[PDB]
Structure formats: structure tokens, C-alpha cells
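So this first bit is one chain, no partners, the form solved without this ligand, shown in C-alpha cells.
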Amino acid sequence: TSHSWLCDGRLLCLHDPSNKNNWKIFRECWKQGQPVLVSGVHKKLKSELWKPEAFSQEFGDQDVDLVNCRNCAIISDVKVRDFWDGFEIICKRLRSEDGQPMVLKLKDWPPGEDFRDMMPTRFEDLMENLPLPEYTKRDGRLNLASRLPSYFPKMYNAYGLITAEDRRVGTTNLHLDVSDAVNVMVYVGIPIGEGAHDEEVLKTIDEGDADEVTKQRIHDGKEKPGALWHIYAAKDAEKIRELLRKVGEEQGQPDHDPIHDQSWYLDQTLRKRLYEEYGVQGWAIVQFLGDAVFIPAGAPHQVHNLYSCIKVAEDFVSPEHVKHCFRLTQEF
């Protein structure tokens, strides 16, 4: 079974998403609470379905709210095409008071459980090509999601954050989710209208603590980097809460939950600190076009888009983690 290791030997990378024997290798990492990466998923999909132009053409007239990733401001009652038309074409992006193009995220779209209903062909294309299908598919035999009683697909679409100032901002702030999930990068858009940003992208992953083999995927492989993830083991979540309670009190704090508050992005400062002061070393992961990231239930994580990303995630409930999922459901 074709695979290799990233993050200095600590992250499994599976290279063939439809290899039936994948579970054997996957499960050993997964039962220890490690995330897992599967590359090559884009090569299985119907490309034409996962274009920003197609999303604009087909659903542009819908009403939506957006989020400015730099200041968290909400842009109320805008149109879907406003987002998608500026995904790669910088001059088409909605502008702040100062007339500058904004780095934006599309909020709650599609809304509710409307994905399957709103996008049936995309739904079938994703689900027919998810890796580890017995775990990940709604009706997969190791997916307990639908098999349990009432006590246990989402898009993440946003532009990139490339500046030096941007490096301490999250596309999605540190949080955890209650079930297992797989997050697939189905499209990476390289924006035009400000010239090349390759060196900023590279300095951002380096400062994000990415390993040398991850960086060869750019230098040698010439792969298109989508997003930079930091993921932590579910067990390490309290040690991370402890750090953030303290740091927060150093600007005026309650015995509350910083991870649930989803207000923190761990920059290179706090990550060195979390490691030396709490022993906690996470996984710095660059998600390229076609990479599927498996995030264990309750494993805290944050995301920082480098370029413009179309991501689609499927939740599931594995036997290995079904106790976590139960315990996380009650606390949440």
C-alpha cells in the first residue's frame, strides 16, 4: 500500500484513496488519536463540478452573509456571486471602507442540511470518491453515525491570507468538533491582481512549522498549497485550555472554555510556548489540492488558508472513537 510519513515521521500520508487495504494502516494511527492525510482525491472527482465559476453560475443569485477574516466583521445580505466572482479575481472582491479588497469567508453555505438537496450531483461525486469509504460514507459499514440512537456534508469556502500581518490570523480559529470528519480540498484558487505570492506562502508555512518533506511537495512536486492546519490530540485539549485561560487573563478574563469560544489562533509564539511549557506538540499540516484531512472527534484544530480554498467535509462516527463522540456530545 503506497504511503509515506510527514511531520517528521508522525503523520501518515496515504497516496491511493481507493486502495482497499488503506484501513489497516489508517486504523493503527487512528486508534492512537492521530490525524491522517490521504492525497490524490482530486484525481477521482469530476473537476468541472468543483469550479468557483460553476458555483457562481448555478447559485449566484442566492442571498448570503460573508465574514471578513481579518477583523471578523460580518457583511450582511450580500449575494453568493459576490463571493465566488472574487475568489480568484482580486479586483472583483468586495471592498472595505478604504477601497481595499477584503479576505472573505462564505458563512453557512449551503445553509442547514441543504447540501444534498441543493447539490445532488456534487453530493454523489464526493460520496462516491471519499477515501476510507466504510468509515466515511453515510451508509458505510464502520460508520455508526446513522446506526446509533439519537445521541451522537459541510463546505468551507474562503479566500487566502498571505501577508506577514496575516500570519497571526486564522481562516478558522482553534476549535474542536464532536464527531470524526474528513475534510477534502477539492479546489485551490491562486488569485490574480496583486502579482505572485509564492515567497509569502512559503514563509508562512515555514513559520507555521511545516517539515522539509511537506515543503518538497512545493519545491519538487509543484503542488498547489491550499491551507495550513494545526491539529492537536483530543487528550491534549485541557492542557491547551489551561494555556489560553492564562494568556486571556493577561488581558482581563471566569473558569470558561477558550476552545469552545473559538477566539484564538495559535501563532508561532504560542505554539513554541504550548510545546515547551505544556509538552504539547501538534501536527502542522499543509493541505494541498486533493488532500483529505482526517480529524479525530474532539481533536482541536485551526485552519489558515494560504490561497483561495474550496473544502468539503463529511462527518462520521468510527468505533475507535465512539466513546469520545458520546462524551463530546454531552459536554457540548
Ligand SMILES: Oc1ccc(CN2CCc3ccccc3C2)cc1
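Residue numbers run from 1 along the displayed sequence.
- Unmodelled residues of the deposited sequence between neighbouring positions residue 123 and residue 124 number none; the chain is continuous.
- Deposited sequence between residue 253 and residue 254: 1 to 3 residues lack coordinates.
- Taking the mean C-alpha B-factor of each stretch as recorded, 244 to 252 and 71 to 79 are not equal, and the higher mean is that of 244 to 252.
- Between 112 to 120 and 224 to 232, the higher mean Cα B-factor belongs to 112 to 120.
- Taking only the listed residues 99, 195, 86, 140, the entry reports the highest CA temperature factor at 99.
- Per the PDB entry, 277 shows the highest C-alpha temperature factor of the residues 277, 28, 291, 48.
- Split the chain's modelled residues into thirds by C-alpha temperature factor. Residue 150 is in the highest one.
- The deposited CA B-factor of residue 272 belongs to the highest third of values across its chain.
- Among all modelled residues in its chain, residue 32 ranks in the middle third by Cα B-factor.
- Compared with the other modelled residues of the chain, the Cα B-factor recorded for residue 208 ranks in the middle third.
- Per the PDB record, residue ranking by Cα B-factor puts residue 133 in the lowest third of the chain.
Note that the form deposited with this ligand bound isn't included here; everything after this is about it.
- The site on the displayed chain is blocked: this ligand, placed by C-alpha superposition from its pose in the entry with it bound, has three or more atoms within 2.4 Å of backbone or C-beta atoms.
- For the chain shown alone, residue 22 is a contact residue for this ligand in the entry with it bound, at least one non-hydrogen atom being within 4.5 angstroms.
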